[PDB]
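Encoded as structure tokens, the structure appears first; notes follow it.
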There are 2 protein chains.
Amino acid sequence: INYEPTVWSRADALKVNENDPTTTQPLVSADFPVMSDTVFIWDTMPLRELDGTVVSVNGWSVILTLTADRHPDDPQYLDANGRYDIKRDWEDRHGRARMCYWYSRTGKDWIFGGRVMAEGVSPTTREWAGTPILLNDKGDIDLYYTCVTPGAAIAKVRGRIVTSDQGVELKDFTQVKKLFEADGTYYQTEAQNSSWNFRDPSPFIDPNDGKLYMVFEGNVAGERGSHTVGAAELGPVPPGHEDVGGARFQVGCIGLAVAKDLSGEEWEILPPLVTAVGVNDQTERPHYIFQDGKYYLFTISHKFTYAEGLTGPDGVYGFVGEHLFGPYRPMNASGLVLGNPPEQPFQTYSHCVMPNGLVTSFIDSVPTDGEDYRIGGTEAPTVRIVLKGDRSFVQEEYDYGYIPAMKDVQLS
Amino acid sequence: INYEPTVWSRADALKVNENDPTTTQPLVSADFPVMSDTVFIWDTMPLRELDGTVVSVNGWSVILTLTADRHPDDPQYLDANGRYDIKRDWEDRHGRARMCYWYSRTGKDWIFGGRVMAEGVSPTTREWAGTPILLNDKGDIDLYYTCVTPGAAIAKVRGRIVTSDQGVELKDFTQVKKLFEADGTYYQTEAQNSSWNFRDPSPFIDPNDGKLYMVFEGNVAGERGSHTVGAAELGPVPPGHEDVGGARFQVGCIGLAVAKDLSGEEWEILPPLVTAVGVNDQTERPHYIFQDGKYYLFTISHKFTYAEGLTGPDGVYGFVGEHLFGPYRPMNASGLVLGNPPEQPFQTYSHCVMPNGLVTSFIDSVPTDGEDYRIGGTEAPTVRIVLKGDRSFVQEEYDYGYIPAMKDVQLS
């Protein structure tokens, strides 16, 4: 394939509205419950099939989380006044990230299952995000995830789930295979940019051609600082908006790759599908919903990774089209699908939109009193969106961390 | 035809953003020039062909305006301090409205041509808006306009244009034929609502079937107060937005009619194309652009005719689709195409979007100093928009009242 990417332009991004009640995340209460007092969780990945369906197994719902320990009694986090520096502990989570699983009969009130992989199985100590796929009714699972530092590679590891009346166990995740890394012609490398982004596999079977593909976060290849913000990247901005400052340093994209067959053992990279040069450096955790004859491609991004001269909220953005290879259109004209409320701009992150319309996210920082705030590291209230053509609309909210099964699979 | 209308819902209208720089009219300077110190003008109607092309004749650009005299020395407008009450004179224009024409070799600096029709030719003293159509290269014109009070009827009157090196004359507009009025089953009548809207013919030849049609402003038929704001009219509003108050009293729609042949002597009304029940009472001066395989249907509306619980600016709104009979989608997700800036919310009105992308409007009220303001009754700066799929983007601004010809027609 040699398709041209869809450009999310600066003029599109000028339409972002942080004050639109149809695209704003409901406020999180400062009295939120926490799902564990021994671990933090953040990016959450429901067990699913390749067509997107979120599944239970023998009546058990299952989710994976990036996870790190809480250290409330560790001297390295106790300050000179003996106060626990929970902000520092929370910020240190990324370097200690490991994949854990949780299970529940109800889709909430999650029971901790522990590590997916034994320590030392992963080629990198950090285990960053991806997707767990239930392959069949024998309980075989492929976990697609990101190995980071040194380098960054999308990888997979095969294992299995077994259950009983007492709970769920994931086991036999012992051999990680790296699948691919940034190439330097389509996706930017560490050599081209020490802060390059390359991560977050989201595999699926295409509803039109029946092949196995994945989307992932990349950056547009090229030496940092060399990218052109030209007419296509600027788009039809209004008078006064022609100066882009240092916008060339923001080069996020959603990448695509195709498996050479349905085993997903070996992959070919394909050119970027959606590019945000001059607009935002991060289009993270891309994923699809396939509904009404359309491809809805969602991705999460941050207020602080926008280019100079633009502003937008942390939250989830989206692009829609009728063909896998595009062209796509920005959802709601600007691209924004669900943004945090400007009064609590960092309350939630890592929205995962599931085909039943429910969106899960985790709680990051919620203001309390004065300039004071509470750190979450726990699931936020799930909220439903509905999609109508190229637009979306937020609907009602559900319990903290509610991720119900769309289908139950009984093991053979 | 029995097609279902496209509904512009309350949830769509919740997306309106008065602060979007890609959809905001440039600010009008309080030092604007006035095109006449003897008449006010407002709604402006360029001479055009049925395919939308704005035309000059023998090198002369021609526009029609609704027009009323200025009365700066009339005792009825001089207050007890001898100050001229220009606000009252300006507000009294509607009851004195008459169709005048203007001409220019440059598309600006308009020369006054005087009345189109002699007094007493029109069945009603008020001559309200419509469209002047150049029928052929012999200089035959059909003027479609609105006869109001008593009642409201869409009407037409045939005449001709002749020119010389000295200027333009329109003449022989002597026999007005009323074409149709509100029926009571599709469009609301005076009996159903003393404030019913029915006006503003915009005729065109359909690019797909070659028939002559027109759009116009209507209201959805039914007794005032009886209309249902149900699930379709509310749309997928977010939590907290379910109460609609008195929204059932706002029932604007864009109507459509088809000529029984290309003479446009006799017409059949068709069901509403776009309805705004529970959203806005006024979808005025509807008109099309046909571009990129799509129908772009523009209409002007007011801040003050929105239903309870919604807010939006005076300006032009739009809907886009691939088929004359729909369904259509709201432009820019909310419907807003060009809104007045919230600092000058009443600076311009009656946007007419022409197929070269230029938009003409008139100046209404521009703030000066304190709670003080200046009344216009003259043309505003023309501004260009570009259309890209279901979105629009404001571009550069031009001189006051610049309405250049897209094509010149030499008379035979």
Side-chain angles (χ1 to χ4, degrees), chain A residues 6-7 9-27 231-232 234-242 309-311 318-321 327-338 341 357 381 383-398, chain B residues 6-7 9-27 231-232 234-242 309-311 318-321 327-338 341 357 381 383-398:
Chain A
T6 296
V7 167
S9 71
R10 291 179 60 96
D12 299 325
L14 289 172
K15 301 182 170 302
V16 167
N17 182 6
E18 282 185 63
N19 298 303
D20 183 334
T22 65
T23 59
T24 298
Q25 188 80 20
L27 282 165
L234 187 60
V237 296
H241 279 84
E242 302 84 358
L310 298 176
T311 71
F319 297 89
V320 52
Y328 290 78
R329 302 154 319 238
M331 284 292 284
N332 300 308
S334 63
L336 177 65
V337 165
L338 273 186
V383 65
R384 185 169 63 91
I385 64 175
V386 288
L387 310 174
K388 302 281 188 193
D390 291 6
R391 296 106 69 200
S392 67
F393 297 89
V394 73
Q395 299 285 86
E396 63 283 351
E397 98 180 81
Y398 292 75
Chain B
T6 296
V7 167
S9 71
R10 291 179 60 96
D12 299 325
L14 289 172
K15 301 182 170 302
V16 167
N17 182 6
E18 282 185 63
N19 298 303
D20 183 334
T22 65
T23 59
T24 298
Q25 188 80 20
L27 282 165
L234 187 60
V237 296
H241 279 84
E242 302 84 358
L310 298 176
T311 71
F319 297 89
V320 52
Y328 290 78
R329 302 154 319 238
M331 284 292 284
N332 300 308
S334 63
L336 177 65
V337 165
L338 273 186
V383 65
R384 185 169 63 91
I385 64 175
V386 288
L387 310 174
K388 302 281 188 193
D390 291 6
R391 296 106 69 200
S392 67
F393 297 89
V394 73
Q395 299 285 86
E396 63 283 351
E397 98 180 81
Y398 292 75

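Chain naming here is simple, since letters A, B, ... match the order of the sequence lines and numbering starts at 1 in each. All heavy atoms count here, side chains included; hydrogens, waters and symmetry mates do not.
Counting heavy atoms from C-beta on, the side chains of A:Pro236 and B:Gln395 come closer than 4.5 Å. Contact annotation: the side chain of B:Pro330 approaches that of A:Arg391 to within less than 4.5 Å [non-hydrogen atoms, C-beta and beyond]. For the pair B:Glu397/A:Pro239, no side-chain contact is recorded, criterion being any heavy-atom separation below 4.5 Å from C-beta on.
For chain B, no part of A:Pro26 is nearby; none of its heavy atoms comes within less than 4.5 Å. For chain A, the nearby parts of B:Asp12 are the backbone and the side chain; heavy atoms of each come within less than 4.5 Å. For chain A, the nearby part of B:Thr23 is the side chain; its heavy atoms alone come within less than 4.5 Å. For B:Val386, the part lying under 4.5 angstrom from a heavy atom of chain A is the side chain only.
The salt bridge (charged side-chain N to carboxylate O under 4.0 Å, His left out) pairs that include a residue from residues 15-25 of chain A are A:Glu18-A:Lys303, where partners are two or more places apart or lie in different chains.
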Worked check of side-chain contact (heavy atoms from CB on, under 4.5 Å) between A:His241 and B:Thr22:
CA-CA 10 Å; A:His241 279 84; B:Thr22 65; over 6 Å; no
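With respect to chain B, the highest number of heavy-atom pairs below 4.5 Å among A:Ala333, A:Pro238, A:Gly235 belongs to A:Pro238. Among the candidates A:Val394, A:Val237, A:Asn17, the residue making the largest number of heavy-atom pairs closer than 4.5 Å to chain B is A:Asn17.
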